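Asks: Chains as they are written, first to last, in the UniProt record's numbering: chain A, 3 to 39; chain B, 591 to 664; chain C, 26 to 186; chain D, 14 to 752; chain E, 75 to 148; chain F, 2 to 81; chain G, 1 to 62; chain H, 2 to 30; chain I, 78 to 216.
Idealized CB from N, CA, C, for every residue including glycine.
Below are the structure tokens for one structure; questions will follow.
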Amino acid sequence: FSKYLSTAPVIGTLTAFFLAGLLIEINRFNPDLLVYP
Amino acid sequence: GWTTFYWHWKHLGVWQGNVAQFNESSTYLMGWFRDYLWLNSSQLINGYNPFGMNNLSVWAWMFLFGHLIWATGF
Amino acid sequence: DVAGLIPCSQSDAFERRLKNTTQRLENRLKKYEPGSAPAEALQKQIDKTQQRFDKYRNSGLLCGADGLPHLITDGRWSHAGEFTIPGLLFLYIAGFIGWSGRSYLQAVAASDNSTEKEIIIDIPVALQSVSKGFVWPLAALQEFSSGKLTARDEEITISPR
Amino acid sequence: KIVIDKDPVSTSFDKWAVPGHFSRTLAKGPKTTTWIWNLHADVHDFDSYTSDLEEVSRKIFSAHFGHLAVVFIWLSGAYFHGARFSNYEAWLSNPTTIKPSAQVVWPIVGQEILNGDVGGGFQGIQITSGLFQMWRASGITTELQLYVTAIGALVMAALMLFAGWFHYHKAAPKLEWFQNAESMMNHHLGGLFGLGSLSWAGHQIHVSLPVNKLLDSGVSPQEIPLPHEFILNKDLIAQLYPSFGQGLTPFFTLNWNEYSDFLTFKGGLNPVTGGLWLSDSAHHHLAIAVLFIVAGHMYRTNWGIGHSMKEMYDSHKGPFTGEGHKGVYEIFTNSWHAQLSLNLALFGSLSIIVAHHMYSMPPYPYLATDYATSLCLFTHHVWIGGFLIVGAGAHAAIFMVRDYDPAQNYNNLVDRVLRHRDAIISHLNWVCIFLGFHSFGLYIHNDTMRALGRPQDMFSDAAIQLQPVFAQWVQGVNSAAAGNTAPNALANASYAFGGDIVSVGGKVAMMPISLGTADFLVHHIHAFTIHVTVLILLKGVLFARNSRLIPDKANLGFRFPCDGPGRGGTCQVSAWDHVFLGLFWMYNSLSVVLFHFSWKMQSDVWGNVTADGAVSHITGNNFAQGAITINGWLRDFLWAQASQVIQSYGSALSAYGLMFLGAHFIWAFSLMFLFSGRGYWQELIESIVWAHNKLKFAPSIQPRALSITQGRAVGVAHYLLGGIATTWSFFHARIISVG
Amino acid sequence: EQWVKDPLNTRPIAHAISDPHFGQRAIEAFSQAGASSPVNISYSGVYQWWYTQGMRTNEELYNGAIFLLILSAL
Amino acid sequence: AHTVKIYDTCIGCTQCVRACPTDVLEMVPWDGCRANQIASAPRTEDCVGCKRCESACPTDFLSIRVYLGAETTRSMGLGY
Amino acid sequence: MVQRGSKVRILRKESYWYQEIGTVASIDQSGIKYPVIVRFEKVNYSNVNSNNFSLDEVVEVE
Amino acid sequence: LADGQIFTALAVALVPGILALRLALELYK
Amino acid sequence: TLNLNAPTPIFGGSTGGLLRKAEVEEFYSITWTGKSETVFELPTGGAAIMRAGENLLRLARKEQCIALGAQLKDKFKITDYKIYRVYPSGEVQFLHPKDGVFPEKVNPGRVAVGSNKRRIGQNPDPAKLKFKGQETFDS
Ligand code: CLA
Ligand code: CLA
Ligand code: CLA
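Below, the structure written as structure tokens:
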């Protein structure tokens, strides 16, 4: 079953998921990261 | 187009002495759309209408003329 | 004091945004119930504009006659946090995306059938390939000096003339 | 007879690792990057690889169940979000002021101004899909009922998806079961369509009619009894329209006039709600029930009687038609593509009728005066309706290349259409050009006489009049039918033909849409652009096999980019390029229909009525003397009514203004693909794959350009997405503000 | 000649308008800049170029027009 | 008419000849080995320039090449 | 002299595979010109992998 | 301007009348 | 030899075929013998019927008499077809098969017209034939 997870589009969205998932919690955590403090 | 759009819009504010309009609206594209294209077409588009016409009817006809012949190329 | 902007802790320009942010939302909050669920979405909202402005008053931002913090990239160390320190944060992650596929497509093309291995993203190779991509500011320096980063111009396919 | 193969293919995750396992050339591996685009096109193109007419059908029978599932998932998504994230329970208390809101936004980086002050005690995006008026019509009062539907849909969503597994991977039917069209029409008219409206009559009388008659009096949403209480309590229901004390006994002695109280022919608008009287729609769906059930005992089955369609088409042949419909039954049992084209045409054309019959006869309470929604179900179903007709033109052409057989079809009607196909097209070519001159050229005449200041020379009402006398006689005879030819109707079929205006709240539900010189002028533009969209699509179907230019276009396939620059050039000779070409014309055909509709209602029909009795409309009756020229169409419609979409910044409409720019972006991006070609963009890869070979990391899948058709297909797919979503954003942020 | 006397407020005239298709209101709107015939307001800036160069009167222009006819004639 | 040239890299596969929609090409005996065959264009006056031929040559760079030239009624494929 | 099973480079400058590595397949050991049948790792535009080259057109990177 | 000079410059433009034709039909040849 | 008139297949139709060019210049014809009574798509519309025949049909152009044969031989296994191009208003009878054998097959006696004894990058440059009437791609 896990060989289906290795294919191109499922890994082109689940790594697109957590990477977009990282930007979104850190903005909810730390709003307006405009300048390096 | 981008060059003349910039030169034209900037000079409009500069000549009427209100550079603040360009300075703040040109940093986002909606300013180039709402405060430049839509705003400045008030007179041009009213060259003729159901109540009469004026000395801009030629330019108004030409403006539409250009749009029609722009699209014909497509 | 580099392009004609006040450090806007003293400005009447940056402060004439705060009132008509908080007066727009209080006039959106007046007709609510004080114990409603949208009301905390309009009390915390002004607080979200309040943490933002009191992050900007302290950081030494140069706000113009509008009240907008403008950026100055000639990069001096007095304004280095605006572009330069998010620049070095960019490039170090960018080579991690740079070298990972670079170390992957060296490691699958040196196998039997790499044409399949672009479809299938091989965790036996991809976790092996980011392990080469973590030393990417050190690996490429000893890859160019050892010459095995580029190739000579009769290896690379040349369109005719 | 029902004959089955039991489990022809089992449950394996092993074929999921091989993409292109369905096919032959793609179950070997990619060598270029177009193999991804070679794959992802012909996935659901089922007769491209499969040769077995029975096995190609079993895939389609399974995949429809999955498509039945995804609507049910999407339906539950409407029904779930209708309970938790909606102001629905508050909206039933007050339907006039509070806007229907769902899809609440999360409180994050700045989209929390999209949860604006909509009403009730609520913050969300004001929606315009009309589920609130579809649940108020359905009888929904509590928010629990919206929850149990969603799980009640989700179990049907799961039951449909299991049934697609059960009928291909477990129990695959055979082709002799599939080809039984006569028994299929018997059931689909009988079971699906007969018992469709009967069961909805079974809903609407016992459930919708009590609790919607009470809300016209409007006692309370809480103080209306639950829908199961009108079957248990015999006294509670017979308080209103008291025929339930007589029970089913007038229905069983054929004394049906005792139900003149809930099963009626009122026929107007319910003046408190502006919608159709739900008493009538109960009698409608009851008459639709008996009409469709007796429609379903018509075709032949294994009980001897019935009409058999192979017998009916034969002996429907005349002297101007030769063999007539000989073999045309043999087409529609032997070709899915011939079925899909005819199924698509009358499915899209059906939905444009839905868009027309819903703004002039508003079916729902408080949908008519809510101008946010009564517009958006016109223009959506029109937009769906044009895309299906283009799909009807596509699969009609696919039938011609791959499925049409001149061996069976000698001297019959597909033969005699193909044997006069120039006389069709060249007379269609003439009536296209004749219509463009005498409709659009009447605007260019009207543009100039206003530009030259000669309003005595333009075509207007105070000028050379072009009066629509046929559409005013039809509008007359339909408005004078309640009492002469439809006596038992109280008022007319609609208030759009004639009669008094109706108001709900302070806004007009319906008023007679009048047709003058400016309405004649636009209705021929519709007639023009429809005939061109026919002409592109009809020529694609007819010349799909051959022409004078290429005699073997049938050999080159349905979707081949060109035959090269020979014969002066043969770029876009294929039938697919005709469907590609007709897509913009359908974009042009429909977007002016919406521009006709959304402007005619705001200036003439919709608006605010005084408590004195007259109506001041929204854009102020400008459609008479302004809509006859392009400059009036540009100023007083496009420039003027977009003043609220670009001033949307800082408000809860500010997501619409981004999309109104965001769709202007994608539409520009599509021009890059239509105006360019392949052999430029291929040779820019050659310099760039040089550079990726230069640093010793080159992909083993070598990159290539997109195929020319895929360059064409992405050029139209971003054109429509850039063009419709502009109109989607314009129509939203106009009518949410001024309505 | 009218322009030289007051470069500020006089609208430069390009040339006369003789378009048979014009209507009654088409004459009055294009009879602008104080003219009694319909004309087009010039916008090429040729007036400001010719002024600096030294032409001042209507016959100095005609002397310029004839000169290019001769220069083209050779 | 169009010019159709046949280069000496032909491998006598016959693919080109069987691709021409107007029968402009034919295979002819080759003398460099007296066993293989090369394509020839004896009827270039009928070449429409469709380029179906060049799409059939298997060799990495064409053995048969179509250079569009003077257009005529025959080459334009006019039934009229 | 080039034998079968060798890696080459390409001096045919009118080709797609020009100055790329090819692993040859066979030599026609009779007098027919351009006899070096060179298979490649990469495929061309019109989807072929091998081609006849001359013995004067192939090299001996080995 | 004048009235005779208007007719005069019309006669000056006749000098590019026949000469521009003579430039053309010889550049044709 | 054409044998005009050979009996045409029983057709009755087709707005799309053999118009006014055929009565001013150069129409075409194809001859074959039908070994059944089977039906076939014409290049005009689709049907005729193959006779016993002697089966002749005045088509429009060369391309339609060639594409008919590549449709005849595959479907109906008949490789006897003998195309023409007409007398007075046309040019050459018997345009295919020109050798009597099919010219996709190889045959002794043919001429190698239009052969360049080089490679295509081995053609001369158009910078080298400036104001010279020698064609660049020609030997
Ligand atoms: C009634 C339902 C229906 C069904 C079952 C089919 C079925 C088929 N169509 Mg038909 N057709 C239909 C309606 C239908 N069509 C409609 C409504 C149109 C008008 C657009 C067409 C026009 C059409 C053309 C022009 C062609 C087909 C073709 C096909 C065949 C293969 C298609 C495929 O595998 O695509 C797989 C799916 C994709 C490639 C999806 C890619 C994305 C598409 C192009 C746009 C999606 C836009 C998206 C919804 C907008 C949101 C954007 C956001 C996601 C970013 C298959 C038989 C093809 C064929 O060759 O038949 C022999 C073909 O060329 N159809
Ligand atoms: C015979 C045509 C017909 C018409 C005009 C209506 C009309 C209505 N339906 Mg009903 N319904 C019908 C049959 C019909 N129904 C059938 C066959 C079913 C089972 C599938 C249903 C199941 C159903 C449900 C579950 C609901 C409705 C509702 C409604 C009302 C909402 C508006 C609408 O649906 O658009 C009008 C639609 C059309 C104009 C297109 C008609 C489509 C059918 C298939 C046409 C059949 C062809 C017919 C013989 C010839 C007419 C051709 C053309 C003129 C339409 C409206 C009174 C809703 C309601 O209760 O509102 C209060 C609702 O919730 N209907
Ligand atoms: C706005 C730009 C534009 C215009 C004017 C046209 C015009 C036309 N298209 Mg085209 N089309 C367009 C964009 C446009 N298209 C685009 C963008 C596409 C890409 C999708 C196409 C794709 C397309 C296809 C696929 C087809 C057309 C066809 C047509 C013709 C339709 C019949 C007709 O109305 O004739 C009458 C002409 C007009 C209405 C043009 C305006 C003429 C004015 C009003 C009168 C002229 C005034 C004056 C006498 C002019 C001369 C003055 C001078 C001598 C002094 C028409 C010439 C169809 C066709 O050819 O059918 C026969 C057809 O099948 N077009």
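CA-CA distance, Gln-695 of chain D and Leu-719 of chain D?
Replies: Mapped onto the fourth sequence, residue 695 of chain D falls at position 682. Mapped onto the fourth sequence, residue 719 of chain D falls at position 706. One C-alpha to the other measures close to 8 Å.
Asks: With a cut-off of 7 Å, give the chain-ordered residues whose Cβ is closer than this to any heavy atom of ligand 2.
Replies: Residues with a Cβ closer than 7 Å to any heavy atom of ligand 2, in chain order: D:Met-147, D:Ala-150, D:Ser-151, D:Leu-205, D:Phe-206, D:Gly-209, D:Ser-210, D:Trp-213, D:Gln-217, D:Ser-221, D:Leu-289, D:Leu-291, D:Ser-294, D:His-297, D:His-298, D:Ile-301, D:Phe-305, D:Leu-363, D:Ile-366, D:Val-367, D:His-370, D:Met-371, D:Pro-376, D:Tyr-377.
Asks: Three-state secondary structure (DSSP) at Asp-47 of chain F?
Replies: As a working note, residue 47 of chain F is residue 46 in the sixth sequence. Helix.
Asks: Starting from the C-beta of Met-524 of chain D, find all residues in its chain whose C-beta is less than 6 Å away, skip the five residues before and the five after it, and write them out in chain order.
Replies: The residue given as residue 524 of chain D occupies position 511 in the fourth sequence. The answer, listed in chain order, is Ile-514, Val-618.
Asks: Classify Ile-643 of chain D: buried if its beta carbon has 16 or more other beta carbons within 10 angstroms, exposed otherwise.
Replies: For the purposes of this step, residue 643 of chain D is taken as the residue at position 630 of the fourth sequence. By the 10 Å Cβ count, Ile-643 of chain D comes out buried.
Asks: Please report the residue range of the alpha helix (DSSP H) in which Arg-725 of chain D lies.
Replies: In the fourth sequence, residue 725 of chain D corresponds to position 712, counting from 1. Taken as a continuous stretch (DSSP letters only), the alpha helix (DSSP H) holding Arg-725 of chain D covers 721 to 748.
Asks: Can you find a CB in chain C that lies within less than 9 Å of the CB of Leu-36 of chain A?
Replies: Position 34 of the first sequence holds residue 36 of chain A. Chain C, which has a Cβ nearer than 9 Å to the Cβ of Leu-36 of chain A, makes this yes.
Asks: At a CB distance below 7 Å, what residues from the stretch 464 to 485 of chain D approach chain K? Give them in sequence order.
Replies: Protein chains A, B, C, D, E, F, G, H and I are contained in the structure displayed, whereas chain K is not.
Asks: Are the CB atoms of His-329 of chain D and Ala-368 of chain D nearer to each other than 9 Å?
Replies: Start at 1 with the first residue of the fourth sequence, and residue 329 of chain D comes out as number 316. Start at 1 with the first residue of the fourth sequence, and residue 368 of chain D comes out as number 355. For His-329 of chain D and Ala-368 of chain D, no; Cβs fall outside 9 Å.
Asks: Which same chain residues, not among the five before or five after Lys-187 of chain D, have their C-beta less than 8 Å away from its C-beta?
Replies: As a first step, residue 187 of chain D is located in the fourth sequence; it is residue number 174 there, counting from the start. Taken in chain order, the residues that qualify are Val-16, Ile-17, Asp-18, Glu-67.
Asks: Does DSSP put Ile-27 of chain G in a helix, in a strand, or in coil?
Replies: Taking the seventh sequence and counting its residues from 1, one reaches residue 27 of chain G at position 27. Strand.
Asks: Mark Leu-603 of chain D as exposed unless 16 or more other C-beta atoms lie within 10 angstroms of its C-beta, in which case mark it buried.
Replies: Residue 603 of chain D sits at position 590 when you count from the first residue of the fourth sequence. Answer is buried; the Cβ neighbour count reaches 16.
Asks: Within 8 Å: the Cβ of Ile-144 of chain C and any heavy atom of ligand 5?
Replies: No copy of ligand 5 occurs in the structure displayed; its ligands are ligand 1, ligand 2 and ligand 3 alone.
Asks: What residues of chain D sit near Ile-181 of chain C, judged by a beta carbon separation below 7 Å?
Replies: Indexing the third sequence from 1 puts residue 181 of chain C at position 156. Going along chain D in sequence order, the residues near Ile-181 of chain C (Cβ under 7 Å) are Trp-703, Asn-706, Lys-707.
Asks: On the three-state DSSP scale, how would you describe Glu-27 of chain F?
Replies: Here residue 27 of chain F refers to the residue found at position 26 when the sixth sequence is read from its first residue. Note: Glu-27 of chain F maps to strand in three-state DSSP.
Asks: Under 9 Å between beta-carbons, which chain C residues line up against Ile-26 of chain A? List them in chain order, please.
Replies: Here residue 26 of chain A refers to the residue found at position 24 when the first sequence is read from its first residue. What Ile-26 of chain A touches in chain C: nothing, since even the nearest Cβ is about 16 Å away.
Asks: For a test of the three-state rule: what should DSSP assign to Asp-460 of chain D, helix, strand or coil?
Replies: Translated into positions along the fourth sequence, residue 460 of chain D becomes position 447. The answer is helix: DSSP assigns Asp-460 of chain D an H, G or I state.
Asks: For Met-129 of chain E and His-89 of chain E, I'd like the C-alpha separation in whole angstroms.
Replies: As a first step, residue 129 of chain E must be located in the fifth sequence, where it is residue number 55. As a first step, residue 89 of chain E must be located in the fifth sequence, where it is residue number 15. The alpha-carbon atoms of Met-129 of chain E and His-89 of chain E are separated by roughly 18 Å.
Asks: Could one say the Cβ of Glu-20 of chain G lies closer than 9 Å to chain I's Cβ atoms, at least one of them?
Replies: Walking along the seventh sequence from the start, residue 20 of chain G turns up at place 20. By this cut-off, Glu-20 of chain G is not an interface position.
Asks: If the cut is a Cβ gap below 8 Å, which residues of chain E does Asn-645 of chain B touch?
Replies: As a first step, residue 645 of chain B must be located in the second sequence, where it is residue number 55. Simply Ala-103, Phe-104, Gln-106, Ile-115.
Asks: Assuming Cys-88 of chain C and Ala-38 of chain C are in contact, meaning their beta carbons sit under 8 Å apart, how far apart are those beta carbons, in whole angstroms?
Replies: Locating residue 88 of chain C in the third sequence gives position 63, counting from the first residue. Locating residue 38 of chain C in the third sequence gives position 13, counting from the first residue. About 6 Å separates the two Cβ atoms, so the contact holds.
Asks: Using a Cβ-Cβ cut-off of less than 7 Å, list which residues of the stretch 6 to 21 of chain A approach chain C; keep chain order.
Replies: Of all residues in the stretch 6 to 21 of chain A, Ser-8, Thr-9, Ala-10, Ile-13 have a Cβ within less than 7 Å of some Cβ in chain C.
Asks: I need the DSSP call for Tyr-272 of chain D, collapsed to helix, strand or coil.
Replies: Here residue 272 of chain D refers to the residue found at position 259 when the fourth sequence is read from its first residue. Looking at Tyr-272 of chain D - three-state DSSP - the assignment turns out to be helix.
Asks: Taking 6 Å as the limit between beta carbons, can you name the residues of its chain near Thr-108 of chain I, skipping five residues before and five after?
Replies: As a first step, residue 108 of chain I must be located in the ninth sequence, where it is residue number 31. Excluding sequence neighbours, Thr-108 of chain I sits near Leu-133, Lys-159.
Asks: Quick one: is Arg-53 of chain F near chain D, going by C-beta distance under 9 Å?
Replies: Translated into positions along the sixth sequence, residue 53 of chain F becomes position 52. Answer yes: the Cβ-Cβ gap between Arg-53 of chain F and chain D drops below 9 Å somewhere.
Asks: For the stretch 114 to 173 of chain I, list the beta strand (DSSP E) runs that are entirely contained and at least 3 residues long, ordered along the chain.
Replies: Fully enclosed beta strand (DSSP E) runs of 3 or longer: 132 to 134, 159 to 162.
Asks: List the whole-angstrom C-beta distance separating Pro-712 of chain D from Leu-130 of chain C, where the pair is believed to meet the contact cut-off of C-beta under 8 Å.
Replies: In the fourth sequence, residue 712 of chain D corresponds to position 699, counting from 1. In the third sequence, residue 130 of chain C corresponds to position 105, counting from 1. With 8 Å as the limit, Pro-712 of chain D and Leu-130 of chain C qualify as a contact, their Cβ atoms being about 6 Å apart.
Asks: Helix, strand or coil for residue 9 of chain D, going by three-state DSSP, please let me know.
Replies: This structure gives no information on residue 9 of chain D, because the portion of chain D shown stretches from 14 to 752.
Asks: Mind checking whether the beta-carbon of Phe-571 of chain D lies closer than 8 Å to any heavy atom of ligand 1?
Replies: Reading the fourth sequence from its first residue, position 558 is the one you call residue 571 of chain D. Yes; taking the cut-off as 8 Å, the Cβ of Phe-571 of chain D has a heavy atom of ligand 1 nearer than that.
Asks: Reducing DSSP to helix, strand and coil, say where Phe-135 of chain D ends up.
Replies: Residue numbering aside, residue 135 of chain D sits at position 122 when the fourth sequence is read from its first letter. Looking at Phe-135 of chain D - three-state DSSP - the assignment turns out to be strand.
Asks: How would you label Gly-138 of chain E, buried or exposed, when you count the other beta carbons within 10 angstroms and need 16 or more for buried?
Replies: Taking the fifth sequence and counting its residues from 1, the one referred to as residue 138 of chain E is at position 64. So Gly-138 of chain E counts as exposed.
Asks: What does the alpha-carbon distance come out to for the pair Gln-127 of chain E and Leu-11 of chain H?
Replies: Taking the fifth sequence and counting its residues from 1, one reaches residue 127 of chain E at position 53. Taking the eighth sequence and counting its residues from 1, one reaches residue 11 of chain H at position 10. Taking the straight line joining both Cα atoms gives about 26 Å.
Asks: Using a Cβ-Cβ cut-off of 9 Å, state whether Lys-13 of chain G counts as contacting chain D.
Replies: Your numbering for residue 13 of chain G matches position 13 in the seventh sequence. Taking Cβ atoms only, chain D never reaches closer than 9 Å to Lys-13 of chain G, which makes this a no.
Asks: Can you give me the C-alpha to C-alpha distance between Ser-632 of chain B and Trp-660 of chain B, rounded to a whole angstrom?
Replies: Taking the second sequence and counting its residues from 1, the one referred to as residue 632 of chain B is at position 42. Taking the second sequence and counting its residues from 1, the one referred to as residue 660 of chain B is at position 70. Going by the C-alpha atoms only, they are around 21 Å apart.
Asks: What residues are listed by DSSP as bridge partners for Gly-22 of chain G?
Replies: Sequence index remark: in the seventh sequence, residue 22 of chain G carries index 22 (1-based). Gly-22 of chain G pairs with G:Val-8, G:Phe-40.
Asks: Mind listing the chain H neighbours of residue 150 of chain E? Cutoff is C-beta to C-beta under 8 Å, in chain order.
Replies: Residue coverage of chain E in this structure runs from 75 to 148, which leaves residue 150 of chain E outside it and unanswerable.
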